[PDB]
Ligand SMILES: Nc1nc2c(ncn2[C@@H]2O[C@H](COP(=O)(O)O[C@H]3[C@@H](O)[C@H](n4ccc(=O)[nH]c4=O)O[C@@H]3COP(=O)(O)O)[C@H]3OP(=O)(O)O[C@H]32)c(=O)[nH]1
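Heads up, the chain below is alone and in the form solved without this ligand; it's given as structure tokens.
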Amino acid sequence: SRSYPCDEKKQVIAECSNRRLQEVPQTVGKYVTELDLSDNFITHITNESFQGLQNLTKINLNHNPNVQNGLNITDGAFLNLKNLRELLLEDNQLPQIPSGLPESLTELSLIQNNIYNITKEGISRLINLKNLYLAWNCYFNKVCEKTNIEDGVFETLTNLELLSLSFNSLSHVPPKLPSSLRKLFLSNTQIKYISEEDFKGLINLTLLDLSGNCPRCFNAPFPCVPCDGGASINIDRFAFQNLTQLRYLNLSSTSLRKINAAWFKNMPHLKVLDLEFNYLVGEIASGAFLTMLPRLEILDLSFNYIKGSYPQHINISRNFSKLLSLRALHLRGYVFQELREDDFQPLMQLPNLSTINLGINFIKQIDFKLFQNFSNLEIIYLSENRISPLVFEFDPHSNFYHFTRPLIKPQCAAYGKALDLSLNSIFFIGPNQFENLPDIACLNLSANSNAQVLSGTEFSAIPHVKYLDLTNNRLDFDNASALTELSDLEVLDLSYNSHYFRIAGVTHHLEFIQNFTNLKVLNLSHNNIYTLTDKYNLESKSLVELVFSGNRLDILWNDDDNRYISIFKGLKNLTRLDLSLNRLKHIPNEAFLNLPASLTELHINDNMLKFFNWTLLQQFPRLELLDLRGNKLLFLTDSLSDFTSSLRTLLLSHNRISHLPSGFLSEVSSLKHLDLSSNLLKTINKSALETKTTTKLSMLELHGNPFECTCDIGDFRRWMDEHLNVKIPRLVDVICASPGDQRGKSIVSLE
């Protein structure tokens, strides 16, 4: 059995999602324990749907049906599944909690439905529930009803550890919550008041999310309903008195102006405090609560700006010096003109403060030397400011109030201390710009509209930069000594610096590249490179990877010009080369033969190639991956094994191949992965299948070929049957084009 329609996988999971399925297939293996049927067109679940699949411990029916209208699940449809632990039913337009769910359930997700009634009948039998998600049923301008929570509905769920009720109209915290709760999410629930009773008994709670209740609505990116008068949430003095185990508290966008220090009296473990989108400028200056948090590691005070206010200075209370455990401080969107060394004195003896984030404050100048006086900053994040020369659209499973991606690309941060000055106005780097900074290893200058001629001295005060990002500037590469002060540079990103490269009449100089002794990775992408001055060749003894996408090799290698015929030959250590998006119609033979013999990976995808000289792979004895996707190729050589014994992956997707030559599936013993996706194949011929021996072939992609499903396809179908070790992904997309009665169906589905 080659399984269909699902792909089976044993790290036993049937991946069956996004396959245009109309019903639960009756072709699922009986050894399957986890079934992913998300994103199909399934409209009915009955007690017949999964009979003879009782090993199932997990079912995902999210996002069904898509497109061309709700999911209809009968009473007790799942009841017979004795082992069902986890049921995901998100985005199914369910009007109610389905009835008669199995008591074995420990995890149930009903996120993004139309469920306005939470009943004993739905839920109170489900004694084994540990995590229950009912979020995003009624929010924003959706037409929906206030949520009715049957009194005591949650009381019998004495194993429940996580309950998520966010983005529903609740009005108050429900009573009779089980004391087993660890995590309680009540974001955006229209609760204006927290009483002493609401969480009095939840002694095991480690996370509480009360965000977005009484929101700050000015300039909201969503329909936002403030409390009367834009008032603050109202939280009783003793509301958190028993929450001794709280580690995470989210009070983002609760319109707070005042924080009651006493709220933290009994929270000796509190680790992450989110206070973004409030009105806390005054508390930041004078916060008594900061005195109550000596184990706090992450404090987010972002977007507490006063509307219309652009103060000279940020005002940080001396009490910040009590945050002895603080690791990250987020101060985006406070809005201020100038950062002086004195303004941050309270932060300067915190031993573990690693990250300071001052993104999006419209800061016009910074006294940079202040950063050295900190104990140990490793991320100095200043992106999106005004620093100039010195002289359903919300993911319900993510954080709603900010992105959670790293501030600094991990590959750069991995080198050491990081200074991110991206998206500023440092248009010219002058002699003292970088004076008195720490030993920066990772420097981001992307998008500073820098148009200068770097000349070998600009980075002299931080000469150990290992990863330099200069993307999206207007750099004028007119000096052979550029960047050469950076002896230890390993990664250099010059992508999107077209501005001068595109003008023929100005001089262009890339000779500095050869100076670096440790340069491993160079990205020259999207620079429109088509002409250089005097020195035509790129050279480096160390470089391993060159990204040359989005340039004009079609010009450089024009048949009437010899000058660039060795452009990459001097990159003597290169193993990875990217020549995508260079508008190539053909590569002269001599040009191809002058690519480095060291290559293991060569991409030439998304050009316009009409021919490819296969014989020339004889000069590339280490070549493992050749990527020719997105071209106009028609001809495959019929003696590939004469030209390579190294090639493992050949990517030929989105070309115009109509004929596979004799024994091509078995031509190259080393070939593991052949991608023939989206070409013009009508069949695969017997001679194409002829093998002298066996082959290393593990994966063959064929989806989007216009197959002719006559009896001519028989041979390949029988081949598929007898080579079950060759994976063919996406069989639902390996489709008959002709004739009319077969059109649209998988080739596997053919009598």
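Each form is matched to the other, and the largest set of C-alpha atoms that superpose within 1.5 Å is called the rigid core. All residue numbers are counted from 1 along the displayed sequence.
**Student:** Please tell me which region, 499-507 or 192-200, has C-alphas lying farther from the displayed form on average in 9 other deposited structures of this protein, with superposition done on the core.
**Tutor:** When 499-507 and 192-200 are compared in 9 other deposited structures of this protein, the bigger C-alpha shift is seen for 499-507.
**Student:** Comparing against the shown form in 9 other deposited structures of this protein, which stretch has the larger RMS C-alpha deviation after a rigid core superposition, 212-220 or 487-495?
**Tutor:** The stretch that sits farther from the shown form in 9 other deposited structures of this protein is 212-220.
**Student:** Among the other PDB entries compared that flank it on both sides, is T57 unmodelled in a third or more?
**Tutor:** Result for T57: never missing in the compared entries.
**Student:** Where the other entries model residues on both sides, is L134 skipped in at least a third?
**Tutor:** No.
**Student:** Quick one: classify how much of the deposited chain lacks coordinates between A231 and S232, choosing none, 1 to 3, 4 to 9, or 10 or more.
**Tutor:** Gap between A231 and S232: none.
**Student:** None, 1 to 3, 4 to 9, or 10 or more: how many residues of the deposited sequence lack coordinates between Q68 and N69?
**Tutor:** According to the record, 10 or more deposited residues lack coordinates from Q68 to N69.
**Student:** Got a sec? Mean C-alpha B-factor, which is higher, 245-253 or 629-637?
**Tutor:** The deposited B-factors put 629-637 ahead on the C-alpha mean.
**Student:** Output the stretch having the higher mean C-alpha B factor in the entry; the candidates are 473-481 and 668-676.
**Tutor:** Between 473-481 and 668-676, it is 668-676.
**Student:** Out of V453, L553, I123, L532, which shows the largest CA B-factor listed in the entry?
**Tutor:** That would be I123, according to the entry.
**Student:** For the listed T404, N528, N444, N260, which has the peak Cα B-factor recorded in the PDB entry?
**Tutor:** That would be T404.
**Student:** Ordered by C-alpha B-factor within the chain, which third holds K585? Give me lowest, middle or highest, please.
**Tutor:** Within its chain, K585 is a middle-third residue by C-alpha B-factor, going by the deposited values.
**Student:** Looking at the entry's B-factor column for C-alpha atoms only, identify whether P223 ranks in the lowest, middle or highest third of its chain.
**Tutor:** It belongs to the lowest third of the chain when residues are ordered by C-alpha B-factor.
**Student:** Based on the entry's values, in what third of the chain does the Cα temperature factor of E145 lie: lowest, middle or highest?
**Tutor:** Highest third, going by the recorded CA B-factors of the chain.
**Student:** Ranked by Cα temperature factor within the chain, is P389 in the lowest third, the middle third or the highest third?
**Tutor:** According to the entry, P389 has a C-alpha B-factor in the chain's middle third.
**Student:** Within this chain's modelled residues, let me know which third the CA B factor of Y305 belongs to: lowest, middle or highest.
**Tutor:** It falls in the bottom third of the chain.
Form solved in complex with this ligand: not shown, discussed below.
**Student:** Please classify the binding site as open or blocked after superposing this ligand from its position in the entry with it bound; blocked means at least 3 ligand atoms come within 2.4 Å of backbone or C-beta atoms of this form.
**Tutor:** Open, since after superposition no atom of the placed ligand lies within 2.4 Å of the backbone or C-beta atoms.
**Student:** Report the residue, out of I298, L437, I127, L633, that has at least one non-hydrogen atom within 4.5 angstroms of this ligand in the entry with it bound.
**Tutor:** By the 4.5 Å criterion, the partner-contacting residue is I298.
**Student:** Which pick from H659, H402, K192, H673 sits with a heavy atom within 4.5 Å of this ligand in the entry with it bound?
**Tutor:** Answer to the contact question: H402.
**Student:** Exactly one stretch in 651-659, 558-566, 674-682, 300-308 has heavy atoms within 4.5 Å of this ligand in the entry with it bound; which is it?
**Tutor:** Result for this chain: 300-308.
**Student:** With the cut-off set at 4.5 Å between non-hydrogen atoms, does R629 touch this ligand in the entry with it bound?
**Tutor:** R629 lies outside the contact set for this ligand.
**Student:** Is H330 close to this ligand in the entry with it bound, meaning a heavy atom pair under 4.5 Å apart or at it?
**Tutor:** Answer yes; at least one heavy atom of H330 falls within 4.5 Å of this ligand in the entry with it bound.
**Student:** Is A262 a contact residue for this ligand in the entry with it bound, using a 4.5 Å heavy atom cut-off?
**Tutor:** No, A262 sits far enough from this ligand in the entry with it bound that none of its heavy atoms falls within 4.5 Å.
**Student:** How about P621 - does it come within 4.5 Å of this ligand in the entry with it bound, if we only consider non-hydrogen atoms?
**Tutor:** Output for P621 is no: heavy atoms all beyond 4.5 Å of this ligand.
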